[PDB]
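Enquirer: Sharing a structure here in structure tokens format.
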Amino acid sequence: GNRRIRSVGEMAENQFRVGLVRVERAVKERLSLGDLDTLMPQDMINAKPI
Amino acid sequence: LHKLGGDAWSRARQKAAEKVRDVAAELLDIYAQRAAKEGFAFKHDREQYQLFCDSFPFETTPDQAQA
């Protein structure tokens, strides 16, 4: 009652989300900086950390 | 289809605005006399014009009479 399975789905989901933490940090940095008149969801996102 | 953030629309807008600069002497002299001068008014003849209407040896079409 104190130990649990953490199967392949949940582990991959958590590694996905800790990947997403970096890219949401990146987009929050980019959007917290100005110059938003030309931005598109292509440069703030970056699939290399993911 | 200007891709978003492609800036070609901005570049063309700036280029057109350069062409649309009010130093353009091609039409801003026309707009200056538009802001300074006027035109002539023709007077109509209700009677002699009917003589040349009768000098017209056909019948006017309805779409040409309104023209």
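Just remember, in the structure tokens the first chain shown is A, the second B, etc., residues are 1-based per chain, and ligands are 1-based in the order shown.
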Distance cut-off 12 Å, counting only C-alpha atoms - which residues of chain A neighbour chain B? Return them as an MDAnalysis selection string.
Expert: chainID A and resid 35:43
Enquirer: Please list as a ChimeraX atom specification every residue within 12 Å of residue A:47, counting only C-alpha atoms and excluding residues in the same chain fewer than 4 positions away.
Expert: /A:16,19-20,22-24,26,42-43
Enquirer: Write to file, as a PDB file, in the first residue's frame, the residues of the selection just made, with N, CA, C and O atoms.
Expert:
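File written: again18.pdb
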ATOM      1  N   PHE A  16       8.577  13.725 -20.917  1.00  0.00           N
ATOM      2  CA  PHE A  16       8.044  14.678 -21.877  1.00  0.00           C
ATOM      3  C   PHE A  16       7.776  16.019 -21.213  1.00  0.00           C
ATOM      4  O   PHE A  16       8.074  17.072 -21.781  1.00  0.00           O
ATOM      5  N   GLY A  19      10.865  17.782 -20.372  1.00  0.00           N
ATOM      6  CA  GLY A  19      11.315  18.396 -21.607  1.00  0.00           C
ATOM      7  C   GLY A  19      10.574  19.688 -21.891  1.00  0.00           C
ATOM      8  O   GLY A  19      11.173  20.687 -22.296  1.00  0.00           O
ATOM      9  N   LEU A  20       9.255  19.681 -21.675  1.00  0.00           N
ATOM     10  CA  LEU A  20       8.438  20.856 -21.966  1.00  0.00           C
ATOM     11  C   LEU A  20       8.741  22.014 -21.040  1.00  0.00           C
ATOM     12  O   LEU A  20       8.421  23.156 -21.370  1.00  0.00           O
ATOM     13  N   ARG A  22      11.645  23.154 -20.252  1.00  0.00           N
ATOM     14  CA  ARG A  22      12.648  23.974 -20.919  1.00  0.00           C
ATOM     15  C   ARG A  22      12.037  24.830 -22.023  1.00  0.00           C
ATOM     16  O   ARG A  22      12.369  26.015 -22.147  1.00  0.00           O
ATOM     17  N   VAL A  23      11.118  24.270 -22.813  1.00  0.00           N
ATOM     18  CA  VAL A  23      10.609  25.032 -23.949  1.00  0.00           C
ATOM     19  C   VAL A  23       9.575  26.053 -23.488  1.00  0.00           C
ATOM     20  O   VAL A  23       9.429  27.121 -24.093  1.00  0.00           O
ATOM     21  N   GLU A  24       8.880  25.786 -22.380  1.00  0.00           N
ATOM     22  CA  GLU A  24       7.983  26.811 -21.869  1.00  0.00           C
ATOM     23  C   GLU A  24       8.779  27.910 -21.189  1.00  0.00           C
ATOM     24  O   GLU A  24       8.373  29.074 -21.208  1.00  0.00           O
ATOM     25  N   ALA A  26      11.654  28.819 -22.430  1.00  0.00           N
ATOM     26  CA  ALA A  26      12.123  29.552 -23.601  1.00  0.00           C
ATOM     27  C   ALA A  26      11.043  30.474 -24.152  1.00  0.00           C
ATOM     28  O   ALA A  26      11.309  31.641 -24.466  1.00  0.00           O
ATOM     29  N   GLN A  42       6.785  29.419 -34.071  1.00  0.00           N
ATOM     30  CA  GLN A  42       7.709  28.582 -34.814  1.00  0.00           C
ATOM     31  C   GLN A  42       9.111  28.712 -34.253  1.00  0.00           C
ATOM     32  O   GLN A  42       9.850  27.728 -34.178  1.00  0.00           O
ATOM     33  N   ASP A  43       9.483  29.925 -33.854  1.00  0.00           N
ATOM     34  CA  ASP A  43      10.822  30.174 -33.342  1.00  0.00           C
ATOM     35  C   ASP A  43      10.915  30.033 -31.832  1.00  0.00           C
ATOM     36  O   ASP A  43      11.956  29.598 -31.325  1.00  0.00           O
TER      37      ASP A  43
END
Enquirer: List every residue of chain B that DSSP, applied to the backbone of this structure, assigns to alpha helix (DSSP H), and report them as a PyMOL selection string.
Expert: chain B and resi 8-19+28-34+48-54+62-65
Enquirer: What is the distance between atom CA of residue B:41 and atom CA of residue B:57, in Å to one decimal?
Expert: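 For atom CA of residue B:41 relative to atom CA of residue B:57, the distance reads 29.2 Å.
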Enquirer: Atom CA of residue A:50 to atom CA of residue A:29: how many Å, to one decimal?
Expert: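 Computing the Euclidean distance for atom CA of residue A:50 and atom CA of residue A:29 yields 17.3 Å.
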Enquirer: What gap, in Å, lies between atom CA of residue A:33 and atom CA of residue A:45?
Expert: 15.0 Å
